[PDB]
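What follows is one structure encoded as structure tokens, with my remarks underneath.
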Ligand SMILES: OC[C@H]1O[C@H](O[C@H]2[C@@H](O)[C@H](O)[C@@H](CO)O[C@@H]2O)[C@@H](O)[C@@H](O)[C@@H]1O
Ligand SMILES: OC[C@H]1NC[C@@H](O)[C@@H](O[C@H]2O[C@H](CO)[C@@H](O)[C@H](O)[C@H]2O)[C@@H]1O
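Residue numbers (full-length UniProt numbering): 32 to 379.
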């Protein structure tokens, strides 16, 4: 009873797409295309970020440098950072890449997590031609391949998946997978799981979707307050009330800030400034105050979107002057997370 234990109802969104030239053949994701402006006309030549030491695809700079997500020693350090933050579940981005380098990374992550008693669940992304049939096939593959790993997450005996952009699939399709009567149901099978869909817009649209698709719960993802109805924290009390009334699990997503203008220069309206951690505090406070049973954190290391709690350091190159953690130390967002985990556990 030290107040330092991992919390297993706290989920931190984790990305394993970073590479080094040495380990992966390229500085993967540190190099990144610059997205054209959706409202910016037809002849755009936006360019790319080369992913050199001076110029990486983030408005911030990692304390660990241009790391490889395949590097066992980087993984060990990340797991130690999870321990520091008291975040007991790593929610791994999963893009269905069906290649051996990804299979290797997933094994390394599970192994490194287990050494620190961290758990892993999968964040199922909108991969090409994703539909309920191949989703089932991939759920089967993941549970079969990893269900016996000691680090594989379970809640009251069930695996848990977050489904990004779930709303892109019709409720009549979801019901085949998620209804107890569905033609390809996972309910009452070896592959049953808590399915947590992405709540985006207004209750008028989202309430029937969640009910008719038979999702077990919902999350909101976006670190930038106000980006969607779901990511507007003043809605969370109301959202929790509905969740409780309808037997659903609400897992609001909290983040320390947002900025993606290195890769999306036209997207400045979505910037949310960290102000020495006050933004993080405000958002985490709203989640706890809503009376939820679980909280998700956006993100551990989505460096592109500037939502990361992973330690960042001050850096000025000839190419760019990076943002940093201002008056706070590089590990401030890890220790502040630990602080909020404590408060969460206090009132659970
Ligand atoms: O405009 C860039 C925007 O893209 C991403 O969000 C998109 C999508 O995933 C979401 O489902 C909807 C919800 O309204 O919005 C976009 O279409 C995110 O990367 C976001 O942070 C970013 O601003
Ligand atoms: O994990 C859910 C959701 N979060 C924000 C992004 O990480 C998004 O993925 C895409 O955008 C990133 C850059 O922010 C890009 O590098 C990646 O290729 C896209 O998939 C993700 O689905």
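For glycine and all other residues, C-beta sits at the position ideal for the given N, C-alpha and C.
Same chain, Cβ closer than 8 Å to residue i, neighbours up to 5 away in sequence not counted
i: residue 107; result: 143 and 146
i: residue 242; result: 277
i: residue 348; result: 84, 85 and 86
i: residue 33; result: none
Backbone CA spacing between residue i and residue j [nearest angstrom]
i: residue 160; j: residue 169; result: 13 Å
i: residue 344; j: residue 245; result: 44 Å
i: residue 289; j: residue 306; result: 11 Å
i: residue 68; j: residue 135; result: 36 Å
i: residue 185; j: residue 329; result: 21 Å
i: residue 260; j: residue 253; result: 10 Å
i: residue 26; j: residue 336; result: The structure shown does not extend to residue 26, since the chain spans only 32 to 379, so no value can be given for it.
i: residue 361; j: residue 367; result: 11 Å
i: residue 31; j: residue 49; result: Since the first residue of the chain shown is 32 and the last is 379, residue 31 is not available in this structure.
i: residue 206; j: residue 113; result: 35 Å
i: residue 172; j: residue 129; result: 11 Å
i: residue 346; j: residue 110; result: 24 Å
i: residue 286; j: residue 210; result: 32 Å
i: residue 221; j: residue 212; result: 16 Å
i: residue 183; j: residue 175; result: 11 Å
i: residue 321; j: residue 364; result: 22 Å
i: residue 138; j: residue 179; result: 12 Å
i: residue 380; j: residue 219; result: Since the first residue shown for the chain is 32 and the last is 379, residue 380 is missing from the structure and cannot be characterised.
i: residue 44; j: residue 74; result: 35 Å
i: residue 132; j: residue 177; result: 16 Å
i: residue 269; j: residue 102; result: 43 Å
i: residue 319; j: residue 203; result: 34 Å
i: residue 274; j: residue 238; result: 9 Å
Range of the contiguous alpha helix (DSSP H) that encloses residue i
i: residue 109; result: 103-116
i: residue 240; result: 234-244
i: residue 187; result: No alpha helix (DSSP H) holds residue 187; DSSP gives it neither H nor E.
i: residue 370; result: 363-378
i: residue 140; result: 131-146
i: residue 279; result: Segment: none, residue 279 is in no alpha helix (DSSP H) and carries neither H nor E.
i: residue 55; result: 52-55
i: residue 307; result: Segment: none, residue 307 is in no alpha helix (DSSP H) and carries neither H nor E.
i: residue 175; result: 163-177
i: residue 210; result: Per DSSP, residue 210 belongs to no alpha helix (DSSP H) and is neither H nor E.
Neighbourhood of residue i by C-beta, 6 Å cutoff - its chain only, sequence neighbours within 5 removed
i: residue 332; result: 46, 339 and 341
i: residue 379; result: none
i: residue 371; result: 315
i: residue 64; result: 79
i: residue 141; result: 151, 180 and 182
i: residue 334; result: 89
i: residue 36; result: none
Beta-carbon proximity list for residue i, same chain, < 7 Å, skipping 5 on both sides
i: residue 224; result: 170, 189, 190, 191, 192 and 217
i: residue 181; result: 145
i: residue 317; result: 264 and 267
i: residue 208; result: 163, 166, 167, 215, 216 and 217
i: residue 39; result: 119, 120 and 150
i: residue 376; result: 38
i: residue 369; result: 115, 116 and 117
i: residue 358; result: 307
i: residue 198; result: 229, 231 and 240
i: residue 297; result: 68 and 71
i: residue 258; result: 301
i: residue 310; result: 287, 288, 303 and 304
i: residue 52; result: 58
i: residue 60; result: 48, 49, 50 and 88
i: residue 313; result: none
i: residue 148; result: 37
Expected contact under 8 Å - CB spacing of residue i and residue j to nearest Å
i: residue 255; j: residue 295; result: Not quite, the Cβ-Cβ distance comes to about 12 Å (not below 8 Å), so this is no contact.
i: residue 55; j: residue 86; result: Not a contact, Cβ separation roughly 18 Å.
i: residue 62; j: residue 77; result: With a Cβ gap of about 14 Å, residue 62 and residue 77 do not count as contacting.
i: residue 96; j: residue 58; result: The Cβ separation is near 10 Å, so there is no contact.
i: residue 325; j: residue 42; result: 7 Å
i: residue 283; j: residue 233; result: About 16 Å; that fails the 8 Å criterion.
i: residue 323; j: residue 271; result: 6 Å
Endpoints, the beta strand (DSSP E) within which residue i is located
i: residue 250; result: 248-250
i: residue 225; result: 225-229
i: residue 153; result: 150-155
i: residue 41; result: 38-45
i: residue 99; result: That residue, residue 99, is in no beta strand (DSSP E); it is neither H nor E in DSSP.
i: residue 327; result: 326-328
i: residue 194; result: 191-194
C-beta neighbour in chain B for residue i, strict 8 Å
i: residue 323; result: The structure shown contains no chain B, having only a single protein chain.
Exercise for the section: Inspect the CB distances between the segment 347-360 and the segment 97-107 and report whether three or more fall short of 8 Å. Expected result: no
Problem - the segment 120-137 in contact with the segment 151-160 per 3-pair CB rule at 8 Å - result: yes
Problem - the segment 89-103 / the segment 277-295 touching (three or more Cβ pairs under 8 Å) - result: yes
Practice task
Decide if the segment 242-259 is in contact with the segment 278-285; the criterion is three or more beta carbon pairs, one per stretch, under 8 Å apart.
Solution key: yes
Problem - At least 3 beta-carbon pairs within less than 8 Å: the segment 190-209 vs the segment 228-236 - result: yes
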